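Only one structure is covered here, and it is reproduced in the block below.
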Amino acid sequence: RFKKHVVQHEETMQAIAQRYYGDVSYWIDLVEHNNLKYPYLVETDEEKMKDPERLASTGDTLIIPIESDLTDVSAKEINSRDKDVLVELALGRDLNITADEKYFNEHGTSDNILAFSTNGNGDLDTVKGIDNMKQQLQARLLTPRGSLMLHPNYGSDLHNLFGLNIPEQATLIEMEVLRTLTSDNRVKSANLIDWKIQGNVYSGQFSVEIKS
Amino acid sequence: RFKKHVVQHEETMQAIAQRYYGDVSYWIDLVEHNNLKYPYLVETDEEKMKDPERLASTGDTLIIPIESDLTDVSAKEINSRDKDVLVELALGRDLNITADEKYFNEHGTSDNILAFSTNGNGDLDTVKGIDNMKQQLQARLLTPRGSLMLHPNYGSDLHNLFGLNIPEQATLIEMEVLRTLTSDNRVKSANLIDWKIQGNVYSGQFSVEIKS
Amino acid sequence: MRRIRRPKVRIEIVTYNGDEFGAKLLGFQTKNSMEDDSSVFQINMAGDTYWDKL
Amino acid sequence: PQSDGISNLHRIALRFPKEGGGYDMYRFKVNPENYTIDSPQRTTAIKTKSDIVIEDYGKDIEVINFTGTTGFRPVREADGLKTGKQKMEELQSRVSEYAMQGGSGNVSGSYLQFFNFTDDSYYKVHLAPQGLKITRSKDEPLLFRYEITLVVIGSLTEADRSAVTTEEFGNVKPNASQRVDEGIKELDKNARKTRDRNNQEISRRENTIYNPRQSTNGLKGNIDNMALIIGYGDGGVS
Amino acid sequence: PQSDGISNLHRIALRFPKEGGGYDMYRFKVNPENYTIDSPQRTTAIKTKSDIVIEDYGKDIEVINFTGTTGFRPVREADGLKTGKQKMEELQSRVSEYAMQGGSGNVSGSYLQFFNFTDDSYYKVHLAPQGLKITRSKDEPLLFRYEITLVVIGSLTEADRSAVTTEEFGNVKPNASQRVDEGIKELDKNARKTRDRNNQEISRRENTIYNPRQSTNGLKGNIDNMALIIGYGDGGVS
């Protein structure tokens, strides 16, 4: 993992290293991680035109690796190869199956719902980044707990909770939803924000602390 | 022991194995218990007509041995061919002595009542399955405790419990009947469902949780 | 002022994951002495998992 | 039962074992002042660095404790007219009979049946380590108070451990081993010596509910009799 | 929500695990009279000869304990008409069933789920060693009383620690090790002996999560796969 950073007005790289690591002397590893020449930070943006890849200006994004992976040469190389797109390695890339969100929401828990799709031309569609995490969470929530043919205890028992609109049923649904979301290690935790029960259909929303 | 199961519509053997044994990999050995060819489950009825003995379809009864007996080759060999005979062998076989079912109820705690009978042709009648269990339980209840010439402490004190039809005597009779029914290790437990005393006749009923 | 201490023990194992092993730690002893010709340590583990088979 | 709605409640009763067969019982004329039932659990929780471990080892002993007294006025009995003092004395005598000659001599009954008609519950109980406790206070010139603690052996519905019958399908006695042992007893010294030598020879080059139906447990038992009677060597093998 | 005047009071309800799967939603018709919650800490203090040392290890196991009485008058139920005595007997039966079935160290299924609707909070709990203590004294003859103590495992919002789905990127079950083992098993005894000899010779000459992409941990797996498809000696290496 890492921490995003934005260069302040004529900010100093050594000050950044001291702030994010305590010891000032670790700045030599950070610039190697970012793969920057000696002009690490320049106030003038026009100077970046000469060597945009190897020169950072004010407002330029920077990567702050964790303390453990500071001196790892492999981590340095991988971070240099994936500057500003390092989040994709953790969350990953997967095939996109949410072809149309306007259609499958109404059906809910049932079979013959999702399907692959193609974006652009030729290349099969693949969802990456935060959208991939959201798609995985939605698929996990929609699927039953014991439906798939392998690694059971994957899914949720939401379909069994339809019934009376009494408050205890709502709290049970809330607990089940929180249990389903917390099952993935990529989510630190989750908690409710607001709940609403009007008519005969339950409504609610949740927030999840997505890493990075 | 083995749990009975019925083939569900559009169901696969892998899901059947995963639901009970948890890991789908056990299905390779589970098929040998049922003695089925490669078409383990087929919806088409006429397909089974070619060889009904070595095939199964929707609505048929399967065998689900416990994990301990799953790996035993002897259990596989016995369950391959016996099929429905397993329940009769599991509950045992014994000679039937309910020659006069109408008569033995009229004389409780009386000797020289039960006798052999004849069914089929030229052979003494026999009982098997749940009927054998019920016959054995009835004989144990009718048999007094300390009358048998060998393996004593078999029976009940029902003859001695006649009294003033008061509630405490009724509870004592209930406990005696429960102890008599629960003596056999095959039966799990028992409990009274209804009590009714009017005049000078005691009436009631009990439920027994028989294994399998 | 009185010092504040927050111990946090970590265990690594090389031939089950080491992190899972270190989670169930309860206590340990480490007898090292130059007087004798042997150094010995002991580790106490919880009964959550069957370590005998692992 | 209780006094609300349903008919008049039945008093608590105790059943004790009669020495000369049968049973004798004891019904309290006055309901207990206090009734406490403890049902603890044998489970311990210990926390590791970043997790909580919970372990359990079954249900604990259900301790029954209650306190009561005896009314001074008389009341009808099954035989005779016994007042509260006589009832309490009989209770003490029964408890002494169950306790004093429990560890010494012999007592026919292995347990006591505790009936709670008011609470609609039944248990098999034994005298607790605290035991019976009798006292008369300043404000009881004529009344007598009794305090008793009990430990539940188990549910009264279930049968006794010694009076349990297993499945016992098929023959239970391996008659083959019995007749093998009977035949071996008649063998001479040389035959037994040769049998031992053959067993040693087979032993040193190995690695390189009796029912014949639906089982294979009693395989080598039948072979031993057949080998002995026919003769595989002077004495036999296995 | 409590009886704050805006919303009606919501009574505490339990949720035990059923033997045949699912859960049974047990609800109290009267809130507990007393409610106590403890949050002990694992902090320890040791006095050195010249200064005090304060050391902490984190949050300890919490304890939940409460006491109350069941209602007297009959009250309707969602699937019947159960009185207070029936409710208490059902609670005792459920507790006994949950305690007895945990004879295998710990039940593989979910723990007891506690739902406190009086104040917004949820917990996963287990039976404390104190257990379900039931008593009924002379005062209030027709009202039962129950005392329950519990230990908190964790918040119901979070799932089980061991059931969390890790990243599992790449391949945790590499085929290289499997086919290397298969090839080594298929090799002759002399081939394995020569492989051991080569490994010993290489050891003498020392001196004097898996992913094919962007990872080096699986380097040995690719190399160990080789030296068998190509006869790098009479057997593999490493």
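As shown in the structure tokens, the chain order sets the letters A, B, ...; within each chain, residues go from 1, and ligands are also counted from 1 in the order they appear.
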
| request: Over all C-alpha atoms, paired in order, superpose chain E onto chain D by least squares and report how large the RMSD is in Å. | output: 1.5 Å

| request: Can you check which residues of chain D have any atom within 8 Å of chain B? Use only C-alpha atoms and format it as an MDAnalysis selection string. | output: chainID D and resid 156:160 163:167 169 214:215

Using C-alpha atoms, can you write the selected residues to a file as a short mmCIF file (atom, residue, chain, number, x, y, z; two decimals), in the first residue's frame?
data_model
loop_
_atom_site.label_atom_id
_atom_site.label_comp_id
_atom_site.auth_asym_id
_atom_site.auth_seq_id
_atom_site.Cartn_x
_atom_site.Cartn_y
_atom_site.Cartn_z
CA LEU D 156 -35.57 -38.37 34.96
CA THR D 157 -36.99 -39.19 31.51
CA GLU D 158 -33.79 -40.89 30.35
CA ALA D 159 -33.09 -44.48 31.36
CA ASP D 160 -30.31 -45.71 33.62
CA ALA D 163 -30.16 -50.49 31.95
CA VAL D 164 -29.18 -49.44 28.40
CA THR D 165 -29.37 -51.86 25.46
CA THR D 166 -27.05 -51.45 22.48
CA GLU D 167 -27.84 -52.39 18.88
CA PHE D 169 -26.90 -56.86 15.65
CA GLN D 214 -22.40 -57.48 5.74
CA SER D 215 -19.12 -57.48 7.67
#

| task | Would you give me, as JSON, numbers by chain, the residues of chain A that come within 9 Å of chain B, using only C-alpha atoms? | result | {"A": [146, 147, 148, 149, 150, 151, 152]}

Write a file of the just-selected residues containing C-alpha atoms, as a short mmCIF file (atom, residue, chain, number, x, y, z; two decimals), in the first residue's frame.
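Written file, result_16.cif:
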data_model
loop_
_atom_site.label_atom_id
_atom_site.label_comp_id
_atom_site.auth_asym_id
_atom_site.auth_seq_id
_atom_site.Cartn_x
_atom_site.Cartn_y
_atom_site.Cartn_z
CA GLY A 146 -24.56 -21.97 -0.60
CA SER A 147 -25.22 -21.70 -4.35
CA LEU A 148 -21.82 -22.04 -6.02
CA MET A 149 -20.24 -25.44 -6.65
CA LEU A 150 -17.00 -24.68 -4.75
CA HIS A 151 -15.70 -22.89 -1.62
CA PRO A 152 -19.12 -22.66 0.11
#

| said: Please list as a ChimeraX atom specification every residue within 10 Å of residue B:55, counting only C-alpha atoms and excluding residues in the same chain fewer than 4 positions away. | reply: /B:34-42,47-51,60

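You can rank C:12, C:35, C:20, C:52 by their closest distance to chain D using only C-alpha atoms, and at the top of that list sits C:20.
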
| message | Report as a list in words all protein, DNA and RNA residues lying within 8 Å of stretch 41-45 of chain D, evaluated on only C-alpha atoms, omitting residues in the same chain fewer than 3 positions from it. | response | residues 52, 53, 54, 55, 56, 57, 58, 59 and 60 of chain D; 61, 99, 127, 128, 129, 130 and 131 of chain E

| task | Would you mind telling me which residue in D:79, D:90, D:188, D:119 lies nearest to chain E when using only C-alpha atoms? | result |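 Smallest distance to chain E is found for D:119.
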
| remark: Closest of D:135, D:113, D:96, D:121 to chain E, counting only C-alpha atoms, is D:121

| query | Got a sec to tell me which of stretch 65-153 of chain B DSSP assigns to helix (DSSP H, G or I), as an NGL selection string? | reply | :B and (67-70 or 73-81 or 85-91 or 101-104 or 130-142)

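These are the residues of chain C assigned strand (DSSP E) by DSSP from backbone coordinates: residues 3, 4, 5, 25, 26, 27, 28, 29, 30, 31, 40, 41, 42, 43, 44 and 45 of chain C.
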
| task | Identify every residue of chain D that has at least one atom within 7 Å of any atom of chain C, counting only C-alpha atoms, and report the result as a count of residues only. | result | 4
